[PDB]
>>> print(open('protein17.cif').read())   # mmCIF, C-alpha atoms
data_work
loop_
_atom_site.label_atom_id
_atom_site.label_comp_id
_atom_site.auth_asym_id
_atom_site.auth_seq_id
_atom_site.Cartn_x
_atom_site.Cartn_y
_atom_site.Cartn_z
CA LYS K 1 -134.49 71.93 39.89
CA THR K 2 -136.77 72.74 42.83
CA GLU K 3 -139.74 75.11 42.72
CA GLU K 4 -141.32 77.73 44.98
CA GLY K 5 -144.27 77.33 47.33
CA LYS K 6 -142.95 74.06 48.73
CA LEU K 7 -140.53 72.50 51.21
CA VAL K 8 -138.12 69.61 50.64
CA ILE K 9 -136.60 68.09 53.77
CA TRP K 10 -133.76 65.62 53.23
CA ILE K 11 -133.33 62.77 55.70
CA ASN K 12 -130.73 60.02 56.20
CA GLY K 13 -133.40 57.32 56.13
CA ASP K 14 -132.97 56.90 59.88
CA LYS K 15 -134.12 59.94 61.85
CA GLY K 16 -137.81 60.83 61.95
CA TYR K 17 -138.37 60.09 58.27
CA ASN K 18 -142.00 59.05 58.69
CA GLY K 19 -142.72 61.43 61.56
CA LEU K 20 -141.52 64.49 59.65
CA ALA K 21 -144.00 63.68 56.88
CA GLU K 22 -146.83 64.18 59.38
CA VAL K 23 -145.83 67.79 60.02
CA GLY K 24 -145.99 68.47 56.30
CA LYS K 25 -149.55 67.19 55.94
CA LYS K 26 -150.50 69.73 58.61
CA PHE K 27 -148.67 72.66 57.02
CA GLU K 28 -150.59 72.32 53.76
CA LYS K 29 -153.84 72.11 55.71
CA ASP K 30 -152.91 75.32 57.52
CA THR K 31 -151.71 77.21 54.44
CA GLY K 32 -151.26 74.80 51.55
CA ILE K 33 -147.48 74.56 51.30
CA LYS K 34 -146.17 71.31 49.83
CA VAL K 35 -143.78 69.24 51.94
CA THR K 36 -141.72 66.41 50.44
CA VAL K 37 -139.08 64.25 52.12
CA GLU K 38 -136.34 62.23 50.43
CA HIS K 39 -133.52 60.00 51.68
CA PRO K 40 -130.90 59.59 48.90
CA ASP K 41 -127.62 57.71 49.27
CA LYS K 42 -124.17 59.31 49.29
CA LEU K 43 -125.88 62.71 49.37
CA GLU K 44 -122.96 64.02 51.45
CA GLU K 45 -120.96 65.27 48.46
CA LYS K 46 -123.92 65.18 46.07
CA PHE K 47 -125.74 67.71 48.26
CA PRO K 48 -123.24 70.64 48.11
CA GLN K 49 -122.55 69.91 44.44
CA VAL K 50 -126.10 70.75 43.36
CA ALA K 51 -126.75 73.15 46.25
CA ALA K 52 -124.36 75.57 44.54
CA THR K 53 -126.92 75.99 41.76
CA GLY K 54 -130.01 75.52 43.91
CA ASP K 55 -131.53 72.72 41.85
CA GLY K 56 -131.30 70.00 44.49
CA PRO K 57 -133.19 70.08 47.83
CA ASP K 58 -133.87 73.14 49.98
CA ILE K 59 -133.46 72.21 53.64
CA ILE K 60 -130.77 69.90 55.02
CA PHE K 61 -130.06 68.26 58.37
CA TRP K 62 -126.66 67.33 59.79
CA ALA K 63 -124.36 67.62 62.80
CA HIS K 64 -122.81 70.94 63.84
CA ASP K 65 -119.40 69.51 62.91
CA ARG K 66 -120.41 68.90 59.29
CA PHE K 67 -122.49 72.09 59.24
CA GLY K 68 -119.18 73.94 59.12
CA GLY K 69 -118.20 72.48 55.77
CA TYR K 70 -120.64 74.01 53.30
CA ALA K 71 -120.52 77.48 54.86
CA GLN K 72 -116.72 77.56 54.91
CA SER K 73 -116.69 77.43 51.11
CA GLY K 74 -119.82 79.54 50.71
CA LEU K 75 -122.71 77.21 49.90
CA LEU K 76 -125.17 77.95 52.70
CA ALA K 77 -127.75 80.60 53.61
CA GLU K 78 -127.55 82.97 56.57
CA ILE K 79 -130.13 83.49 59.31
CA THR K 80 -131.67 86.05 61.66
CA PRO K 81 -133.27 84.66 64.85
CA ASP K 82 -135.22 86.79 67.33
CA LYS K 83 -135.02 87.17 71.11
CA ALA K 84 -137.48 84.30 71.51
CA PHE K 85 -135.52 82.20 69.02
CA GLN K 86 -132.15 82.85 70.65
CA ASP K 87 -133.59 82.58 74.16
CA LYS K 88 -135.40 79.28 73.59
CA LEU K 89 -132.12 77.66 72.55
CA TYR K 90 -129.13 77.14 74.85
CA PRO K 91 -125.98 79.33 74.65
CA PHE K 92 -123.55 76.43 74.28
CA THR K 93 -125.70 74.95 71.50
CA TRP K 94 -125.28 78.19 69.55
CA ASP K 95 -121.50 77.79 69.72
CA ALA K 96 -121.89 74.71 67.53
CA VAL K 97 -123.54 76.78 64.79
CA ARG K 98 -120.83 79.43 64.42
CA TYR K 99 -117.66 79.66 62.33
CA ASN K 100 -116.16 83.10 62.95
CA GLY K 101 -118.81 84.71 65.14
CA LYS K 102 -121.41 84.69 62.37
CA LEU K 103 -124.49 82.50 62.76
CA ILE K 104 -125.55 80.23 59.90
CA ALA K 105 -127.77 77.68 61.63
CA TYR K 106 -130.05 76.94 64.59
CA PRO K 107 -129.73 73.69 66.61
CA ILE K 108 -132.98 71.94 67.50
CA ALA K 109 -132.41 68.33 68.57
CA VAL K 110 -129.46 67.02 70.58
CA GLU K 111 -128.00 63.51 70.58
CA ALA K 112 -125.02 61.67 72.05
CA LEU K 113 -123.67 58.18 72.78
CA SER K 114 -125.11 57.38 76.21
CA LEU K 115 -124.94 54.26 78.37
CA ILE K 116 -127.59 51.67 77.50
CA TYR K 117 -127.95 48.75 79.92
CA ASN K 118 -130.57 46.08 80.61
CA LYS K 119 -132.44 45.57 83.89
CA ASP K 120 -132.66 41.81 83.39
CA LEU K 121 -129.45 40.65 85.08
CA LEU K 122 -127.83 43.93 86.11
CA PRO K 123 -130.30 46.03 88.17
CA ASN K 124 -127.74 48.58 89.37
CA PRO K 125 -125.60 50.10 86.56
CA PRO K 126 -121.89 50.98 87.08
CA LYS K 127 -121.55 54.66 88.02
CA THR K 128 -117.75 54.47 87.88
CA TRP K 129 -115.45 53.10 85.18
CA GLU K 130 -113.33 51.36 87.82
CA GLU K 131 -116.42 49.32 88.75
CA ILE K 132 -116.70 47.77 85.28
CA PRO K 133 -113.39 45.81 85.35
CA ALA K 134 -114.61 43.87 88.39
CA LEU K 135 -117.86 43.04 86.61
CA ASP K 136 -115.92 41.71 83.62
CA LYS K 137 -114.57 39.02 85.94
CA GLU K 138 -117.95 38.22 87.51
CA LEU K 139 -120.31 38.61 84.55
CA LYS K 140 -117.87 36.43 82.61
CA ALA K 141 -118.08 33.67 85.22
CA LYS K 142 -121.73 33.11 84.32
CA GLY K 143 -120.87 33.05 80.63
CA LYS K 144 -121.55 36.59 79.46
CA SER K 145 -119.77 39.92 78.95
CA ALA K 146 -120.13 43.02 81.12
CA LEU K 147 -119.70 46.01 78.81
CA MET K 148 -118.48 46.49 75.23
CA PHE K 149 -118.28 49.15 72.52
CA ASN K 150 -116.71 50.17 69.21
CA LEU K 151 -112.95 49.61 69.31
CA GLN K 152 -112.48 51.10 65.84
CA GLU K 153 -112.73 54.80 66.68
CA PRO K 154 -110.80 56.82 69.32
CA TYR K 155 -113.99 58.86 69.69
CA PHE K 156 -115.48 55.91 71.57
CA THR K 157 -112.52 55.81 73.96
CA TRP K 158 -112.50 59.57 74.50
CA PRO K 159 -114.51 59.74 77.77
CA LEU K 160 -111.93 57.33 79.22
CA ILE K 161 -108.83 59.16 77.98
CA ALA K 162 -109.90 62.79 77.56
CA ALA K 163 -111.56 62.52 80.98
CA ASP K 164 -108.19 62.01 82.69
CA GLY K 165 -107.05 65.21 80.98
CA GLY K 166 -106.84 65.26 77.20
CA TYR K 167 -108.28 67.16 74.25
CA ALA K 168 -107.79 67.89 70.55
CA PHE K 169 -107.88 71.69 70.63
CA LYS K 170 -107.53 74.44 73.23
CA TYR K 171 -110.54 76.76 73.46
CA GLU K 172 -109.17 80.25 74.07
CA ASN K 173 -109.57 83.82 72.83
CA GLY K 174 -113.03 82.90 71.60
CA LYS K 175 -111.74 80.27 69.18
CA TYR K 176 -109.92 76.95 69.54
CA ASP K 177 -106.14 76.90 69.20
CA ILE K 178 -105.00 74.63 66.36
CA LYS K 179 -101.37 74.48 67.50
CA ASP K 180 -102.37 73.19 70.94
CA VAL K 181 -103.45 69.55 71.14
CA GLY K 182 -104.11 67.66 74.37
CA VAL K 183 -103.04 64.11 73.55
CA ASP K 184 -99.75 63.45 75.33
CA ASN K 185 -100.98 64.95 78.60
CA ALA K 186 -100.37 63.76 82.16
CA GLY K 187 -103.91 62.41 82.26
CA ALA K 188 -104.27 61.19 78.68
CA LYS K 189 -101.03 59.23 79.03
CA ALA K 190 -102.57 57.32 81.93
CA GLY K 191 -106.06 57.16 80.46
CA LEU K 192 -105.02 55.04 77.48
CA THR K 193 -102.95 52.75 79.71
CA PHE K 194 -106.28 51.74 81.24
CA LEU K 195 -107.96 50.48 78.07
CA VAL K 196 -104.59 49.13 76.92
CA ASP K 197 -103.90 46.94 79.96
CA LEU K 198 -107.48 45.70 79.64
CA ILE K 199 -107.01 44.01 76.26
CA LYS K 200 -103.63 42.78 77.51
CA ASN K 201 -105.19 41.18 80.60
CA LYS K 202 -107.86 39.52 78.44
CA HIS K 203 -110.48 41.86 79.90
CA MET K 204 -111.98 42.74 76.52
CA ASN K 205 -112.19 41.40 72.96
CA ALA K 206 -110.34 42.55 69.84
CA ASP K 207 -113.28 41.74 67.58
CA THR K 208 -115.60 44.35 69.10
CA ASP K 209 -117.68 46.92 67.22
CA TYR K 210 -120.93 48.91 67.33
CA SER K 211 -122.77 46.27 65.29
CA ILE K 212 -121.46 43.18 67.08
CA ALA K 213 -122.01 45.10 70.31
CA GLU K 214 -125.58 45.95 69.29
CA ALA K 215 -126.56 42.33 68.72
CA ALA K 216 -125.02 41.18 72.00
CA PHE K 217 -127.44 43.50 73.79
CA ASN K 218 -130.47 42.48 71.72
CA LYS K 219 -129.87 38.75 72.16
CA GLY K 220 -129.38 39.32 75.87
CA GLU K 221 -125.66 38.77 76.39
CA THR K 222 -123.95 41.92 77.68
CA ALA K 223 -125.61 43.79 80.55
CA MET K 224 -124.38 47.17 79.30
CA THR K 225 -123.62 48.66 75.88
CA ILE K 226 -122.95 52.02 74.23
CA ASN K 227 -124.79 53.03 71.05
CA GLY K 228 -125.93 56.13 69.20
CA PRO K 229 -129.48 57.56 68.83
CA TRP K 230 -130.12 54.96 66.11
CA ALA K 231 -130.55 52.16 68.65
CA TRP K 232 -134.09 52.77 69.91
CA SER K 233 -135.37 52.08 66.39
CA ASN K 234 -134.13 48.50 66.72
CA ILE K 235 -136.36 47.75 69.70
CA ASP K 236 -140.10 47.67 68.99
CA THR K 237 -141.29 44.06 68.78
CA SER K 238 -139.06 42.54 71.47
CA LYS K 239 -139.78 45.36 73.91
CA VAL K 240 -136.51 45.54 75.84
CA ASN K 241 -136.35 47.81 78.88
CA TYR K 242 -133.51 50.22 78.09
CA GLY K 243 -131.82 52.63 80.47
CA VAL K 244 -130.04 55.87 79.60
CA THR K 245 -127.31 56.97 82.00
CA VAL K 246 -124.42 59.42 81.68
CA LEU K 247 -120.94 57.99 81.21
CA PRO K 248 -119.19 56.99 84.49
CA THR K 249 -116.31 58.95 86.01
CA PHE K 250 -112.57 58.41 86.42
CA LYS K 251 -110.71 59.20 89.65
CA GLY K 252 -113.65 61.37 90.68
CA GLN K 253 -113.48 63.37 87.46
CA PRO K 254 -116.23 64.13 84.88
CA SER K 255 -116.19 62.46 81.47
CA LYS K 256 -115.27 64.35 78.30
CA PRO K 257 -117.63 62.78 75.71
CA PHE K 258 -118.24 64.40 72.32
CA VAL K 259 -121.38 66.35 71.44
CA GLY K 260 -123.73 65.59 68.57
CA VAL K 261 -126.44 68.16 67.86
CA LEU K 262 -128.92 68.25 64.98
CA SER K 263 -129.51 71.63 63.35
CA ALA K 264 -131.27 72.71 60.16
CA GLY K 265 -129.50 74.00 57.06
CA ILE K 266 -130.59 76.37 54.31
CA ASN K 267 -129.25 77.10 50.82
CA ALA K 268 -128.13 80.57 49.74
CA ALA K 269 -129.66 80.20 46.27
CA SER K 270 -133.40 80.49 46.97
CA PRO K 271 -135.00 77.53 48.82
CA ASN K 272 -137.55 79.06 51.19
CA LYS K 273 -136.17 81.27 53.97
CA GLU K 274 -139.73 82.46 54.63
CA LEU K 275 -141.40 79.05 54.77
CA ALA K 276 -138.38 77.18 56.14
CA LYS K 277 -137.79 79.66 58.97
CA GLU K 278 -141.52 79.53 59.68
CA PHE K 279 -141.80 75.74 59.44
CA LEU K 280 -138.71 75.22 61.59
CA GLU K 281 -139.83 77.86 64.10
CA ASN K 282 -143.55 77.12 64.49
CA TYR K 283 -143.54 73.58 63.09
CA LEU K 284 -140.36 71.90 64.32
CA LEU K 285 -139.02 73.70 67.39
CA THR K 286 -142.33 73.36 69.23
CA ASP K 287 -144.41 70.70 70.98
CA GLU K 288 -146.59 70.66 67.87
CA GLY K 289 -143.73 69.58 65.63
CA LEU K 290 -141.31 68.01 68.10
CA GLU K 291 -143.97 65.82 69.71
CA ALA K 292 -145.12 64.87 66.22
CA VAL K 293 -141.68 63.61 65.22
CA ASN K 294 -140.89 62.28 68.69
CA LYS K 295 -144.00 60.08 68.60
CA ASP K 296 -142.55 58.22 65.61
CA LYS K 297 -138.84 58.83 66.17
CA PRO K 298 -137.82 60.32 69.56
CA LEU K 299 -134.44 61.90 68.84
CA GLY K 300 -134.09 62.29 72.60
CA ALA K 301 -132.83 65.59 74.01
CA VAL K 302 -133.21 68.96 72.30
CA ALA K 303 -131.95 72.55 72.43
CA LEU K 304 -135.35 74.07 73.20
CA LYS K 305 -135.47 74.94 76.90
CA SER K 306 -139.25 74.59 77.01
CA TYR K 307 -139.26 71.12 75.44
CA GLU K 308 -136.23 70.26 77.59
CA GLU K 309 -138.62 69.98 80.54
CA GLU K 310 -141.40 67.93 78.93
CA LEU K 311 -138.63 65.58 77.80
CA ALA K 312 -136.83 65.74 81.15
CA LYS K 313 -139.92 64.14 82.73
CA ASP K 314 -137.87 60.94 82.63
CA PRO K 315 -134.16 60.63 83.59
CA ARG K 316 -133.70 58.57 80.43
CA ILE K 317 -133.77 61.84 78.51
CA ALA K 318 -132.22 63.90 81.31
CA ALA K 319 -129.05 61.84 80.87
CA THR K 320 -128.82 62.88 77.22
CA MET K 321 -128.67 66.60 78.00
CA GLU K 322 -126.15 65.92 80.77
CA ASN K 323 -123.91 64.16 78.25
CA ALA K 324 -123.77 67.26 76.05
CA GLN K 325 -123.48 69.66 78.99
CA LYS K 326 -120.54 67.78 80.51
CA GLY K 327 -119.16 66.66 77.16
CA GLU K 328 -117.37 68.86 74.63
CA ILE K 329 -118.62 70.16 71.29
CA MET K 330 -116.38 69.65 68.26
CA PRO K 331 -115.09 72.91 66.68
CA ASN K 332 -116.05 73.99 63.16
CA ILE K 333 -112.50 74.19 61.79
CA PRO K 334 -111.02 72.14 58.90
CA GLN K 335 -108.10 71.11 61.11
CA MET K 336 -110.53 68.76 62.86
CA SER K 337 -110.25 66.47 59.83
CA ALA K 338 -106.53 65.89 60.38
CA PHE K 339 -107.33 65.00 63.99
CA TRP K 340 -109.71 62.27 62.83
CA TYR K 341 -106.84 60.58 60.98
CA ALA K 342 -104.00 61.14 63.46
CA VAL K 343 -106.03 59.99 66.46
CA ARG K 344 -107.15 56.99 64.41
CA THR K 345 -103.66 55.52 63.97
CA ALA K 346 -102.74 56.73 67.46
CA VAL K 347 -105.09 54.43 69.37
CA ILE K 348 -104.64 51.63 66.84
CA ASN K 349 -100.85 51.92 66.89
CA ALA K 350 -101.01 51.54 70.68
CA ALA K 351 -103.47 48.64 70.83
CA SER K 352 -101.57 46.83 68.08
CA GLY K 353 -98.33 47.42 69.96
CA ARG K 354 -96.63 49.35 67.17
CA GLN K 355 -95.99 52.48 69.23
CA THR K 356 -95.95 53.35 72.94
CA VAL K 357 -98.72 55.41 74.53
CA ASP K 358 -96.56 58.53 74.71
CA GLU K 359 -95.36 57.90 71.15
CA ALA K 360 -98.87 57.55 69.72
CA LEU K 361 -99.90 60.86 71.28
CA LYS K 362 -96.58 62.50 70.40
CA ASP K 363 -96.73 61.68 66.68
CA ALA K 364 -100.43 62.51 66.47
CA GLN K 365 -99.73 65.87 68.11
CA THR K 366 -97.27 66.76 65.36
CA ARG K 367 -99.68 65.50 62.70
CA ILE K 368 -102.53 67.69 63.94
CA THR K 369 -100.44 70.84 64.38
CA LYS K 370 -98.33 70.13 61.29
#
>>> encode(input="protein17.cif", output="structure tokens")
Amino acid sequence: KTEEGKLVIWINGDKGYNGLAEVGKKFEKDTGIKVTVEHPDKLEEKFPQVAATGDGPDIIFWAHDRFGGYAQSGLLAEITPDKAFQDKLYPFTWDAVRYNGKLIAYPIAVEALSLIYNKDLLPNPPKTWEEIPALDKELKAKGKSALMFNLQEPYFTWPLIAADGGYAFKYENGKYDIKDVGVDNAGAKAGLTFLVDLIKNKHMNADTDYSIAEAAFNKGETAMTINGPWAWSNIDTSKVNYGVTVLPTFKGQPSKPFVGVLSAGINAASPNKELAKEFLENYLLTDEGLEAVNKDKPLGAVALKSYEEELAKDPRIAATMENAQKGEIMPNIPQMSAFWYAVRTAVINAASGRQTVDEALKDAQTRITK
């Protein structure tokens, strides 16, 4: 079991694990509060199991989507931000930390799958999706690919389909309708046909993934590639000039990429609402803490409006915020789980040629709103 007069921050061994430790060494010097950081494995289910008693850690960090899993059952602590706390953060970001109007979190850092390309062979990046296909024919002539990604998750092919006009839930009346899915839409039906015809015309590869796509960029094969916030960590010794740019457009329409924010969590038992709220307010959501963790592990964009500028100094970061602003945040409802499964077989069933485009979206629609 944990004790008082201390702070235990849990990390996924890949997100400011060493940088966060620095902030702790300062806290103790300012007051004397202990600050430990651990990165266990499979702590997803092991976290809420012990959290119920309050013996495990105290503070947790996860996406807004998952943040709505421990509170739904009643295994999280509430909150009470001030005008400066609610003003510093963005309105939309707050929507991610809310179940039924009640607030049980406070977003700090924001992340999202942006476009990472190299300025070695391709100086000018493709602003439109229709411009990539042509490159696939040229870049291939030399003996290299143009752009790849993870073909094992509809989420990766969302900005291409959802962009044309497709969603999972309908945001209305304050909440998101569960009996209203946007899969078999006029736009979505055509969106998929794009990626589909590609693999059919030998424009892409079937054996494509985030890993295989990550190495192709490191070795210097593909000019462009899409990866998460855990890509910058890879580069350090090779020193590869990376470029962050918002996802292209389709038919003159904005992309509909997902949103991935990073908020802090607190237990209802008795972790440290006084120290945690103070450490996260004046030692995490400020240049003193953010810059400290960013120096070792720059998460990228954040919710803090003030820090949004200092970070916006370079378009590389400006593109991150634009991805979340134009993108769409995932609701905090349990129905979202069913969507992860339905959509999974949907895209796969289409690519494999087991079900038509309209059929894949039709069946999935019934599965989600079943």
>>> resolve_selection(input="protein17.cif", expression="the PyMOL selection byres ((chain K and resi 125-138) around 9)", output="VMD selection string")
chain K and resid 117 to 119 122 to 124 139 to 142 144 to 147 160 198 203 to 204 223 to 224 245 to 252
>>> residues_around(input="protein17.cif", residues="region 262-272 of chain K", least_positions_apart="4", cutoff="7 Å", atoms="all atoms listed in the file", output="number ranges by chain")
K: 51, 53-54, 58-64, 75-77, 105-110, 276
>>> write_last_selection(input="protein17.cif", atoms="C-alpha atoms", output="compact mmCIF listing (two decimals), keeping the file's coordinate frame")
# COMPACT_ATOMS: atom_id res chain seq x y z
CA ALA K 51 -126.75 73.15 46.25
CA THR K 53 -126.92 75.99 41.76
CA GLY K 54 -130.01 75.52 43.91
CA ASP K 58 -133.87 73.14 49.98
CA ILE K 59 -133.46 72.21 53.64
CA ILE K 60 -130.77 69.90 55.02
CA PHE K 61 -130.06 68.26 58.37
CA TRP K 62 -126.66 67.33 59.79
CA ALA K 63 -124.36 67.62 62.80
CA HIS K 64 -122.81 70.94 63.84
CA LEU K 75 -122.71 77.21 49.90
CA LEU K 76 -125.17 77.95 52.70
CA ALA K 77 -127.75 80.60 53.61
CA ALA K 105 -127.77 77.68 61.63
CA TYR K 106 -130.05 76.94 64.59
CA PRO K 107 -129.73 73.69 66.61
CA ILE K 108 -132.98 71.94 67.50
CA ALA K 109 -132.41 68.33 68.57
CA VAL K 110 -129.46 67.02 70.58
CA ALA K 276 -138.38 77.18 56.14
>>> atom_distance(input="protein17.cif", atom1="CA of residue 20 (chain K)", atom2="CA of residue 217 (chain K)")
29.0 Å
>>> residues_around(input="protein17.cif", residues="region 331-333 of chain K", least_positions_apart="5", cutoff="8 Å", atoms="only C-alpha atoms", output="PDB file with C-alpha atoms, in the frame of the given file")
ATOM      1  CA  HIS K  64    -122.810  70.940  63.840  1.00  0.00           C
ATOM      2  CA  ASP K  65    -119.400  69.510  62.910  1.00  0.00           C
ATOM      3  CA  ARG K  66    -120.410  68.900  59.290  1.00  0.00           C
ATOM      4  CA  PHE K  67    -122.490  72.090  59.240  1.00  0.00           C
ATOM      5  CA  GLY K  68    -119.180  73.940  59.120  1.00  0.00           C
ATOM      6  CA  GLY K  69    -118.200  72.480  55.770  1.00  0.00           C
ATOM      7  CA  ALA K  96    -121.890  74.710  67.530  1.00  0.00           C
ATOM      8  CA  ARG K  98    -120.830  79.430  64.420  1.00  0.00           C
ATOM      9  CA  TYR K  99    -117.660  79.660  62.330  1.00  0.00           C
ATOM     10  CA  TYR K 176    -109.920  76.950  69.540  1.00  0.00           C
TER      11      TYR K 176
END
>>> closest_residue(input="protein17.cif", among="K:232, K:210, K:340, K:47", to="residue 149 (chain K)", atoms="only C-alpha atoms")
K:210
>>> atom_distance(input="protein17.cif", atom1="CA of residue 82 (chain K)", atom2="CA of residue 278 (chain K)")
12.3 Å
>>> residues_near_point(input="protein17.cif", point="(-130.0, 77.3, 72.4)", cutoff="9 Å", atoms="all atoms listed in the file", output="JSON, numbers by chain")
{"K": [85, 86, 87, 88, 89, 90, 91, 92, 93, 94, 95, 106, 107, 108, 302, 303, 304, 305]}
>>> residues_around(input="protein17.cif", residues="residue 166 (chain K)", least_positions_apart="3", cutoff="10 Å", atoms="all atoms listed in the file", output="short mmCIF file (atom, residue, chain, number, x, y, z; two decimals) with C-alpha atoms, in the coordinates of the input")
data_model
loop_
_atom_site.label_atom_id
_atom_site.label_comp_id
_atom_site.auth_asym_id
_atom_site.auth_seq_id
_atom_site.Cartn_x
_atom_site.Cartn_y
_atom_site.Cartn_z
CA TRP K 158 -112.50 59.57 74.50
CA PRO K 159 -114.51 59.74 77.77
CA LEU K 160 -111.93 57.33 79.22
CA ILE K 161 -108.83 59.16 77.98
CA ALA K 162 -109.90 62.79 77.56
CA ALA K 163 -111.56 62.52 80.98
CA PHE K 169 -107.88 71.69 70.63
CA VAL K 181 -103.45 69.55 71.14
CA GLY K 182 -104.11 67.66 74.37
CA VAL K 183 -103.04 64.11 73.55
CA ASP K 184 -99.75 63.45 75.33
CA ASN K 185 -100.98 64.95 78.60
CA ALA K 186 -100.37 63.76 82.16
CA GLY K 187 -103.91 62.41 82.26
CA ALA K 188 -104.27 61.19 78.68
CA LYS K 189 -101.03 59.23 79.03
CA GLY K 191 -106.06 57.16 80.46
CA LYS K 256 -115.27 64.35 78.30
#
>>> closest_residue(input="protein17.cif", among="K:369, K:80, K:349, K:234", to="residue 154 (chain K)", atoms="only C-alpha atoms")
K:349
>>> residues_around(input="protein17.cif", residues="residue 39 (chain K)", least_positions_apart="6", cutoff="7 Å", atoms="all atoms listed in the file", output="ChimeraX atom specification")
/K:10-13
>>> atom_distance(input="protein17.cif", atom1="CA of residue 23 (chain K)", atom2="CA of residue 320 (chain K)")
24.7 Å
>>> resolve_selection(input="protein17.cif", expression="the PyMOL selection byres ((chain K and resi 346) around 8)", output="ChimeraX atom specification")
/K:342-345,347-350,360-361,363-364
>>> residues_near_point(input="protein17.cif", point="(-132.2, 57.6, 62.8)", cutoff="10 Å", atoms="only C-alpha atoms", output="list in words")
residues 11, 12, 13, 14, 15, 16, 17, 228, 229, 230, 231, 232, 233, 297, 298 and 299 of chain K
>>> closest_residue(input="protein17.cif", among="K:73, K:193, K:356, K:255", to="residue 322 (chain K)", atoms="only C-alpha atoms")
K:255
>>> decode(input="protein17.cif", residues="region 302-319 of chain K", atoms="N, CA and C atoms", output="PDB file, in the first residue's frame")
ATOM      1  N   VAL K 302       0.043  20.699 -26.534  1.00  0.00           N
ATOM      2  CA  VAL K 302      -0.565  20.615 -25.212  1.00  0.00           C
ATOM      3  C   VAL K 302      -1.894  21.362 -25.169  1.00  0.00           C
ATOM      4  N   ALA K 303      -2.574  21.281 -24.029  1.00  0.00           N
ATOM      5  CA  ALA K 303      -3.859  21.949 -23.857  1.00  0.00           C
ATOM      6  C   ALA K 303      -3.673  23.381 -23.368  1.00  0.00           C
ATOM      7  N   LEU K 304      -2.603  23.610 -22.613  1.00  0.00           N
ATOM      8  CA  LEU K 304      -2.312  24.937 -22.083  1.00  0.00           C
ATOM      9  C   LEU K 304      -2.176  25.957 -23.209  1.00  0.00           C
ATOM     10  N   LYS K 305      -2.998  27.000 -23.159  1.00  0.00           N
ATOM     11  CA  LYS K 305      -2.972  28.045 -24.176  1.00  0.00           C
ATOM     12  C   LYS K 305      -1.642  28.792 -24.156  1.00  0.00           C
ATOM     13  N   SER K 306      -1.144  29.075 -22.958  1.00  0.00           N
ATOM     14  CA  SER K 306       0.120  29.786 -22.803  1.00  0.00           C
ATOM     15  C   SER K 306       1.264  29.012 -23.451  1.00  0.00           C
ATOM     16  N   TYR K 307       1.404  27.746 -23.071  1.00  0.00           N
ATOM     17  CA  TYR K 307       2.458  26.897 -23.614  1.00  0.00           C
ATOM     18  C   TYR K 307       2.228  26.613 -25.096  1.00  0.00           C
ATOM     19  N   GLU K 308       0.976  26.727 -25.534  1.00  0.00           N
ATOM     20  CA  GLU K 308       0.629  26.481 -26.929  1.00  0.00           C
ATOM     21  C   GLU K 308       1.416  27.403 -27.855  1.00  0.00           C
ATOM     22  N   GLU K 309       1.729  28.596 -27.365  1.00  0.00           N
ATOM     23  CA  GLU K 309       2.481  29.572 -28.144  1.00  0.00           C
ATOM     24  C   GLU K 309       3.959  29.205 -28.196  1.00  0.00           C
ATOM     25  N   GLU K 310       4.578  29.095 -27.023  1.00  0.00           N
ATOM     26  CA  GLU K 310       5.993  28.745 -26.933  1.00  0.00           C
ATOM     27  C   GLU K 310       6.301  27.509 -27.771  1.00  0.00           C
ATOM     28  N   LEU K 311       5.326  26.611 -27.862  1.00  0.00           N
ATOM     29  CA  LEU K 311       5.483  25.388 -28.637  1.00  0.00           C
ATOM     30  C   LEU K 311       5.135  25.629 -30.102  1.00  0.00           C
ATOM     31  N   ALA K 312       4.275  26.615 -30.347  1.00  0.00           N
ATOM     32  CA  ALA K 312       3.862  26.947 -31.707  1.00  0.00           C
ATOM     33  C   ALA K 312       4.965  27.689 -32.463  1.00  0.00           C
ATOM     34  N   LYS K 313       6.049  28.028 -31.764  1.00  0.00           N
ATOM     35  CA  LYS K 313       7.168  28.737 -32.380  1.00  0.00           C
ATOM     36  C   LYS K 313       7.564  28.082 -33.700  1.00  0.00           C
ATOM     37  N   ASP K 314       7.387  26.767 -33.773  1.00  0.00           N
ATOM     38  CA  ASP K 314       7.712  26.012 -34.976  1.00  0.00           C
ATOM     39  C   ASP K 314       6.472  25.295 -35.503  1.00  0.00           C
ATOM     40  N   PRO K 315       6.225  25.356 -36.823  1.00  0.00           N
ATOM     41  CA  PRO K 315       5.062  24.709 -37.435  1.00  0.00           C
ATOM     42  C   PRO K 315       4.990  23.222 -37.115  1.00  0.00           C
ATOM     43  N   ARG K 316       6.147  22.614 -36.863  1.00  0.00           N
ATOM     44  CA  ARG K 316       6.201  21.194 -36.534  1.00  0.00           C
ATOM     45  C   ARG K 316       5.199  20.868 -35.432  1.00  0.00           C
ATOM     46  N   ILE K 317       5.129  21.747 -34.438  1.00  0.00           N
ATOM     47  CA  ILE K 317       4.209  21.574 -33.325  1.00  0.00           C
ATOM     48  C   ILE K 317       2.833  22.140 -33.664  1.00  0.00           C
ATOM     49  N   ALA K 318       2.815  23.214 -34.453  1.00  0.00           N
ATOM     50  CA  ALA K 318       1.563  23.847 -34.850  1.00  0.00           C
ATOM     51  C   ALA K 318       0.661  22.865 -35.590  1.00  0.00           C
ATOM     52  N   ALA K 319       1.275  21.922 -36.296  1.00  0.00           N
ATOM     53  CA  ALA K 319       0.528  20.923 -37.049  1.00  0.00           C
ATOM     54  C   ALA K 319      -0.183  19.950 -36.114  1.00  0.00           C
TER      55      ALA K 319
END
